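Structure file protein_22.pdb with PDB, C-alpha atoms:
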```pdb
ATOM      1  CA  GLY K   1     -55.476 -26.170  10.939  1.00  0.00           C
ATOM      2  CA  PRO K   2     -53.240 -23.242   9.945  1.00  0.00           C
ATOM      3  CA  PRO K   3     -51.022 -21.441  12.468  1.00  0.00           C
ATOM      4  CA  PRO K   4     -53.145 -18.939  14.453  1.00  0.00           C
ATOM      5  CA  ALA K   5     -53.372 -15.159  14.254  1.00  0.00           C
ATOM      6  CA  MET K   6     -50.721 -13.513  16.411  1.00  0.00           C
ATOM      7  CA  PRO K   7     -51.402 -11.039  19.185  1.00  0.00           C
ATOM      8  CA  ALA K   8     -50.518  -7.419  18.603  1.00  0.00           C
ATOM      9  CA  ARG K   9     -46.887  -6.724  19.472  1.00  0.00           C
ATOM     10  CA  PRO K  10     -46.230  -5.323  22.966  1.00  0.00           C
ATOM     11  CA  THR K  11     -46.008  -1.605  23.725  1.00  0.00           C
TER
ATOM     12  CA  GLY E   1     -46.999 -21.021  39.644  1.00  0.00           C
ATOM     13  CA  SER E   2     -45.857 -20.540  36.050  1.00  0.00           C
ATOM     14  CA  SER E   3     -43.499 -23.129  34.526  1.00  0.00           C
ATOM     15  CA  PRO E   4     -39.891 -22.082  33.820  1.00  0.00           C
ATOM     16  CA  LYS E   5     -40.254 -23.499  30.300  1.00  0.00           C
ATOM     17  CA  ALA E   6     -42.762 -23.843  27.458  1.00  0.00           C
ATOM     18  CA  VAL E   7     -43.006 -26.035  24.369  1.00  0.00           C
ATOM     19  CA  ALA E   8     -43.697 -24.574  20.924  1.00  0.00           C
ATOM     20  CA  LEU E   9     -47.107 -25.568  19.512  1.00  0.00           C
ATOM     21  CA  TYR E  10     -46.358 -24.039  16.077  1.00  0.00           C
ATOM     22  CA  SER E  11     -43.251 -22.764  14.352  1.00  0.00           C
ATOM     23  CA  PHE E  12     -42.422 -19.044  14.601  1.00  0.00           C
ATOM     24  CA  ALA E  13     -39.956 -17.436  12.143  1.00  0.00           C
ATOM     25  CA  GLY E  14     -39.917 -13.887  13.402  1.00  0.00           C
ATOM     26  CA  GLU E  15     -39.984 -10.653  11.429  1.00  0.00           C
ATOM     27  CA  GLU E  16     -37.447  -8.356  13.195  1.00  0.00           C
ATOM     28  CA  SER E  17     -34.005  -8.624  14.857  1.00  0.00           C
ATOM     29  CA  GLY E  18     -35.230  -8.904  18.433  1.00  0.00           C
ATOM     30  CA  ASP E  19     -37.630 -11.791  17.754  1.00  0.00           C
ATOM     31  CA  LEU E  20     -37.035 -15.418  18.909  1.00  0.00           C
ATOM     32  CA  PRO E  21     -37.358 -17.978  16.107  1.00  0.00           C
ATOM     33  CA  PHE E  22     -38.298 -21.619  16.891  1.00  0.00           C
ATOM     34  CA  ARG E  23     -39.858 -24.778  15.440  1.00  0.00           C
ATOM     35  CA  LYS E  24     -42.781 -26.868  16.742  1.00  0.00           C
ATOM     36  CA  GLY E  25     -41.632 -28.953  19.700  1.00  0.00           C
ATOM     37  CA  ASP E  26     -38.724 -26.706  20.728  1.00  0.00           C
ATOM     38  CA  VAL E  27     -38.317 -26.174  24.504  1.00  0.00           C
ATOM     39  CA  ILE E  28     -38.166 -22.447  25.315  1.00  0.00           C
ATOM     40  CA  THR E  29     -36.847 -21.033  28.600  1.00  0.00           C
ATOM     41  CA  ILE E  30     -39.291 -18.314  29.612  1.00  0.00           C
ATOM     42  CA  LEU E  31     -37.373 -15.254  30.937  1.00  0.00           C
ATOM     43  CA  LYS E  32     -40.308 -12.778  31.170  1.00  0.00           C
ATOM     44  CA  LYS E  33     -44.055 -13.333  30.827  1.00  0.00           C
ATOM     45  CA  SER E  34     -47.436 -11.795  31.661  1.00  0.00           C
ATOM     46  CA  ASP E  35     -50.762 -13.392  32.768  1.00  0.00           C
ATOM     47  CA  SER E  36     -51.953 -13.349  29.135  1.00  0.00           C
ATOM     48  CA  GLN E  37     -51.295 -15.729  26.249  1.00  0.00           C
ATOM     49  CA  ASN E  38     -52.760 -13.053  23.944  1.00  0.00           C
ATOM     50  CA  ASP E  39     -49.474 -11.136  24.400  1.00  0.00           C
ATOM     51  CA  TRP E  40     -45.751 -11.511  23.563  1.00  0.00           C
ATOM     52  CA  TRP E  41     -43.306 -12.985  26.079  1.00  0.00           C
ATOM     53  CA  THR E  42     -39.464 -13.060  26.303  1.00  0.00           C
ATOM     54  CA  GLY E  43     -37.602 -16.400  26.012  1.00  0.00           C
ATOM     55  CA  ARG E  44     -34.305 -18.149  25.251  1.00  0.00           C
ATOM     56  CA  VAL E  45     -34.059 -21.030  22.741  1.00  0.00           C
ATOM     57  CA  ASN E  46     -31.796 -22.205  19.916  1.00  0.00           C
ATOM     58  CA  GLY E  47     -28.934 -19.923  21.083  1.00  0.00           C
ATOM     59  CA  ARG E  48     -30.976 -16.697  21.066  1.00  0.00           C
ATOM     60  CA  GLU E  49     -32.983 -14.447  23.404  1.00  0.00           C
ATOM     61  CA  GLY E  50     -35.968 -12.366  22.266  1.00  0.00           C
ATOM     62  CA  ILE E  51     -39.718 -12.011  22.037  1.00  0.00           C
ATOM     63  CA  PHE E  52     -42.392 -14.249  20.560  1.00  0.00           C
ATOM     64  CA  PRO E  53     -46.222 -14.631  20.436  1.00  0.00           C
ATOM     65  CA  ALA E  54     -47.354 -16.397  23.627  1.00  0.00           C
ATOM     66  CA  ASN E  55     -50.198 -18.244  21.895  1.00  0.00           C
ATOM     67  CA  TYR E  56     -47.535 -20.196  19.974  1.00  0.00           C
ATOM     68  CA  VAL E  57     -46.420 -22.117  23.122  1.00  0.00           C
ATOM     69  CA  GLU E  58     -47.794 -24.319  25.939  1.00  0.00           C
ATOM     70  CA  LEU E  59     -46.349 -23.897  29.484  1.00  0.00           C
ATOM     71  CA  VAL E  60     -44.818 -27.259  30.532  1.00  0.00           C
TER
END
```
As structure tokens:
Amino acid sequence: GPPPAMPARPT
Amino acid sequence: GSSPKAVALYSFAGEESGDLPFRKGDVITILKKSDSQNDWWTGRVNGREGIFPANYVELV
């Protein structure tokens, strides 16, 4: 499969 | 406890100057992490230090 969705960047 | 290093599962190019680019299979030294893989960690690889998506790596 494709590379996965990334997490939101850190605060 | 958590491994000192992780292996990249997928390539990551980065988008901004503080990001940490790598290719699948690269061995990253983890310098700062959290309990979550749905987060960004800090690592050293390929001559750079910076942040990257933690779901892109597997702890060794």
Would you mind listing, as a ChimeraX atom specification, all residues of chain E that have at least one atom within 9 Å of chain K, where only C-alpha atoms are what counts? /E:10-11,37-41,52-56
Write out the residues from the selection above, keeping C-alpha atoms, as a compact mmCIF listing (two decimals), in the frame of the given file.
```
# COMPACT_ATOMS: atom_id res chain seq x y z
CA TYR E 10 -46.36 -24.04 16.08
CA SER E 11 -43.25 -22.76 14.35
CA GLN E 37 -51.30 -15.73 26.25
CA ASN E 38 -52.76 -13.05 23.94
CA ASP E 39 -49.47 -11.14 24.40
CA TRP E 40 -45.75 -11.51 23.56
CA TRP E 41 -43.31 -12.98 26.08
CA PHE E 52 -42.39 -14.25 20.56
CA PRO E 53 -46.22 -14.63 20.44
CA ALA E 54 -47.35 -16.40 23.63
CA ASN E 55 -50.20 -18.24 21.90
CA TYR E 56 -47.54 -20.20 19.97
```
The distance between atom CA of residue 46 of chain E and atom CA of residue 58 of chain E is 17.2 Å
Take the PyMOL selection byres ((chain E and resi 22) around 6), run it mentally on this structure, and tell me the resulting residues as an NGL selection string. :E and (11-12 or 21 or 23)
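Going from atom CA of residue 6 of chain E over to atom CA of residue 19 of chain E, you cover 16.3 Å.
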Selection result for the PyMOL selection byres ((chain E and resi 43) around 7) on this file, as a ChimeraX atom specification: /E:28-32,41-42,44-45,49-51
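As for atom CA of residue 18 of chain E and atom CA of residue 60 of chain E, they are spaced 24.0 Å apart.
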Padded axis-aligned box of chain K (3 Å per side), centre and edge lengths, Å, one decimal, as AutoDock Vina command-line options:
```
--center_x -50.7 --center_y -13.9 --center_z 16.8 --size_x 15.5 --size_y 30.6 --size_z 19.8
```
Identify all residues satisfying the PyMOL selection byres ((chain E and resi 25) around 8) in the given file; provide them as an NGL selection string. :E and (7-10 or 23-24 or 26-27)
Would you output that residue set with C-alpha atoms, as a CSV table (one decimal), in the coordinates of the input?
```
chain,number,residue,atom,x,y,z
E,7,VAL,CA,-43.0,-26.0,24.4
E,8,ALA,CA,-43.7,-24.6,20.9
E,9,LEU,CA,-47.1,-25.6,19.5
E,10,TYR,CA,-46.4,-24.0,16.1
E,23,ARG,CA,-39.9,-24.8,15.4
E,24,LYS,CA,-42.8,-26.9,16.7
E,26,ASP,CA,-38.7,-26.7,20.7
E,27,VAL,CA,-38.3,-26.2,24.5
```
